[PDB]
Amino acid sequence: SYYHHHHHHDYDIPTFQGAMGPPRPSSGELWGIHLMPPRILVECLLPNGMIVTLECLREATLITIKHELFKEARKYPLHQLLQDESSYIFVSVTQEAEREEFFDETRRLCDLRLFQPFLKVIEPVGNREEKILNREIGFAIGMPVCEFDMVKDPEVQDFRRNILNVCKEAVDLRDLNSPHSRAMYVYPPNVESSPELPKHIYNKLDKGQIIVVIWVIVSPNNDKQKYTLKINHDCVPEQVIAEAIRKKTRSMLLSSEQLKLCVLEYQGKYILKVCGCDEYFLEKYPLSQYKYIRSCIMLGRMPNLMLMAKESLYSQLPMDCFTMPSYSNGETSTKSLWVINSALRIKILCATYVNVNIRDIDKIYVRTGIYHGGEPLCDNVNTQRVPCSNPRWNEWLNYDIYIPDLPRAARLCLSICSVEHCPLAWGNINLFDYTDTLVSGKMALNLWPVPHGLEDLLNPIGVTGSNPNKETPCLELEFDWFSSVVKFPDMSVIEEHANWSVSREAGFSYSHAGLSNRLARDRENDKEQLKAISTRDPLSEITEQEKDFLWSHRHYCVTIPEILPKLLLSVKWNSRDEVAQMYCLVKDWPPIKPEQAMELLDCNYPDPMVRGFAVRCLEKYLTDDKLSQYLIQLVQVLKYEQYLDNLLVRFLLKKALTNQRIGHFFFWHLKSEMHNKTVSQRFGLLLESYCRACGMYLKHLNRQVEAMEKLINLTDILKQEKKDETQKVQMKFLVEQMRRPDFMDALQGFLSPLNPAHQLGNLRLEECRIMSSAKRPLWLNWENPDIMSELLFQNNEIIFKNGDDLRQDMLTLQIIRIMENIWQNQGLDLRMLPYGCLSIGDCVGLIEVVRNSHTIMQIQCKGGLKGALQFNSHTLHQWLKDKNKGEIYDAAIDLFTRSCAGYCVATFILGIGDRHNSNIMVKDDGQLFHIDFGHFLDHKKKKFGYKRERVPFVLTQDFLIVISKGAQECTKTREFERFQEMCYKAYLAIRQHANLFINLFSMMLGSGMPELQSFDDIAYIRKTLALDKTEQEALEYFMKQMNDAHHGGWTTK
Amino acid sequence: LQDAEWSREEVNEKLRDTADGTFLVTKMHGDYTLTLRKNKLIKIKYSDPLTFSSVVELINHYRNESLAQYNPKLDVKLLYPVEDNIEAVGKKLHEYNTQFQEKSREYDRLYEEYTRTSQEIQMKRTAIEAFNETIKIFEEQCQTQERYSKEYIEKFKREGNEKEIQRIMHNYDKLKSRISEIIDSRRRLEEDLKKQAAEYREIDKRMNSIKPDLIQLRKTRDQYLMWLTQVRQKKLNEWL
Ligand SMILES: O=c1[nH]c(=O)c2nccnc2[nH]1
Ligand SMILES: Cc1cccc(N)n1
Ligand SMILES: Cc1cccc(N)n1
């Protein structure tokens, strides 16, 4: 009577990953096995033709092996035919399938990636051994460099040779004022954007002074000496270096004048370091403007700098030593596109590899359309012919658009479909190639499958190009041939036709000038309606009235540069007359603010002139600070570019080669996506250029790259053979493995990918351990090997988690980090803790460990009475008092109340995963911060959803009590009146920057993140912010929203 | 006029995946907004040709006629104007919505198998290339020795003839039988490559049969949830 005795006959518990809830797989140290056996037999192929088979240890170096091989070769026949061991090198077939020559003989058998365990002996061919250290580049990249050399495509081979332009330019900037500018590349100044200080930071200074501590070392280099200055906040490093030397070298045996002489000689030989990490203060900025200082102000800390001899810094730097690689037109005055007098017609031919149930589906056809982001003609299909079985339409499809009216950035978007409408595969092609040449002939387009979120019929946002995956639907087709390669107009030609279309525009009848897209006004009310349009966000989609209204007035729209995004989307790109005019505006349109200009690199602006202007904006306004804040979005936005070689790619590559802190995250963001075939080609070639030009950092990256690979392999085994073993058993395997010499080599001496400022020295394995989570993350711990470890942190520790897709967290943390800077630099102190997170592969990454923080659950478990009845509402409050006592308590509650307000707003806005006691965290000092955000923009609204507008952080009693300093009926205090007013002032602040947050999310559609498939995903953040409404309504909306989830509290302003 | 049936976001989630022609209809900005999908938004006596006295008057005229004569490039008409037991329709919502969510996970599970199988396949293909290249080196090695070995015979012969040439032939036999193992090892992958390639196709197949059900199961669930909301916003979540 529970189930009405209704049997489920299909069901059977034996034979899902629902039981113990992943992403995989990979081959490690040898083919089909994760870690090679500790003692292994390796077949050594000699030049005398003999196979002698050595038992080597897993860990053995190639020097050690060679030395033993030629000992064991004396025992085998034809020994007299062998040279000295010194006149030979090793080679073998690797897991990437290439025959890599083994030059660095200090390398170990396990680290070679060998496929089958065998080694051939040879005399080293290709006498430039220097040149065959492209393996370095190929190891850094993840695919071998030779894999590009055998690629047919001219674009790819032209990208490789052309982009060297940029590489040479940047290396010239580096060796300009050497050694200074070489140090300036490596250790750029880590510096807040504004020198101007927020009022609340200032008031921790007593009229703008800080107490600093300059450190020095003298003899031999053991003892150190504090020199505790008290200098103006906006005095520069050179002034701080003087005053430290002044005090260092005052004496009873040195007169007033004698000091000043001894200052001037000594002063310029030193520069300022940060004690405990490789940061430096190498240029004229206010001390406050460096990040490290400003933290030391906010955290109530005394900066610990170090005086460092310039020749001990310029000792530690190397030579940049760039080298040009071993890889070092037009038919006629060909037939210009504007001559080609015809409509568009494309011939569909046949799909081959279509996988469909004949039982389920009736009929299948090819859908088609032309696009520019949005579409320049009426969509069409071909008839429902030869359905299922063989699919073969020999039709010319007929598109109502003239061939001269195709814009430079025009694209065919097609999709095989089922009838009941429902897509099977999809693929998109650019109607022009990278040499401006209109596509004519026969193409072999291999197709992509429909993703999760896209249930739509065609997918125009999807990537241009064929699928690299062969065994998929290959729909071949034919384009119309016009007895000549048809090339796109010059700008010299587009300009003239614009100057004609405008000079023509001046002479029509006014009788005719009422067609609702042409201006004669030369009104006061209109000019207010235009800047009204300008202020609205990207997703407030424009009407046909507003479009034509904008398009007519386009020349007045120069007064309001910031309108441009709206204007561009108002041009009819199917009208070359219009487009040629627009081209002339953009040529000399007033450059704009990057936050607005970044919209122009999203998928709704795919024209090259537009995107050029947008890069032009970044060349002017965007600073090396603001670039690395938005880098993620700019690396993402490359995917929407038509061709490999373009202005944005050349902008970013240079900046990366100009600044080794951008360079670092630029590598890892690309290298992250290298598993993804949509971008394997593009990002490989780009990463080849960086890795060829970036100087000695290639060797630093190779060590990071080698370390991450060791940990991928280690966890891969923990997650597969050592599942169904107790932690005790697992840890005893993890400890066993990390003590091996290859691991100790590979995992000890290198830089944190999370922040290469911090070095990572030896591994303290006693603090190294696996967490509880069934993803099997590693808690890794390293000795900070800085001279001044003790002044910053003796131990460094970060979490390596093979198993989760970090890049949602990565982005929500980014978004928080931005909201904080927006709030704070606009004078109001809420304190978010956007901890660090870095995706370095396919669901592999690194998370910063914030020390002295705890899940509320722990707070309540520790401070929870025995004889388990119920946890107390106060035991957070009691735990936090137990930490902060005196006037210290009063300021700890301020921190909780300042962080907790900001984390309420961001969370509510971003719609992130439901907050609860195991993903909220409080620190000893009393700050609250969220962790493990899951899905951001309300992505569990795919199941139902519909006007949910969720409050994820709901302030239970626990949190309320602590905000209200231990009272009862916390709801009704001033403590809470303050809190409420923070939440309102925070909410409204983000709402006036809501263009940015939309825009950032817009640029992220490129990444294959389930949570961002299409613009209406993003649109959640409009409702959440109430951008359609007026701001007082937005305020009351937010109150209403926060009041219902809490049940009473919020109704007065 | 109010019962003529007529924010931005929910209009698009009802105009999502409809045909070429489907439509519907700050006050200090404008009054009413026609959202024709070709999404083209058109503002609204009710621009110059204002003689249409109502919100229902203005929409009937362009149901018959196209919008090319009004604004040049809009050659598209307004062609598609898209159980009394209130509890039992709400029960059906949960049922279809469980069936949708249940059908989605089967679709999401397969997408991973597809994508793993893509990777595992191509990992096999690269291994094959590697095997082939590995063999080429051993085929070259069994060649390389035939030059130097049978040159040694002719240098002397008499000097430990079978004493030397046995231990040269032994090596040569180990060289070739090892090649036999590798070639056998390559084949054994290629057979599994097609077994993978077979399974791969079967995932593709089953995805494409699950998709049209998924869309129609979703589309019903929308209209079921529409008919209910013709308020009770918060009771929906228990079913849903
Ligand atoms: O015609 C093309 N063939 C390709 O293989 C290709 N691959 C990547 C990007 N575009 C491409 N375009
Ligand atoms: C003989 C050959 C051709 C192409 C690629 C490779 N690895 N080998
Ligand atoms: C839904 C839609 C249509 C046309 C352009 C854009 N950006 N979006």
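FYI, residue positions are counted from 1 along the chain as it appears here.
Here the Cβ of each residue, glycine as well, is placed from N, Cα and C on the backbone.
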Do you know which of A:70-76, A:231-237, A:770-776 Swiss-Prot annotates as region 'G-loop'? A:770-776
With Swiss-Prot as the source, which of A:218-226, A:722-730, A:911-919 is set down as region 'Catalytic loop'? A:911-919
Report, as numbers and ranges, which residues of the same chain sit near the region 'G-loop' (A:770-776): CB under 8 Å and 6 or more residues beyond its ends. 20-22, 715, 718-719, 727, 730-731, 734, 799, 801-804
Cα-to-Cα distance of termini bounding the 3-residue gap, A:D522 and A:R523, in Å: 8
Using DSSP, how many residues in the domain 'PI3K-RBD' (A:207-309) fall into helix, strand and coil? 35 helix, 28 strand, 40 coil
So 2 residues are missing between A:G21 and A:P22 in the deposited model; what's the C-alpha distance in angstrom? 8
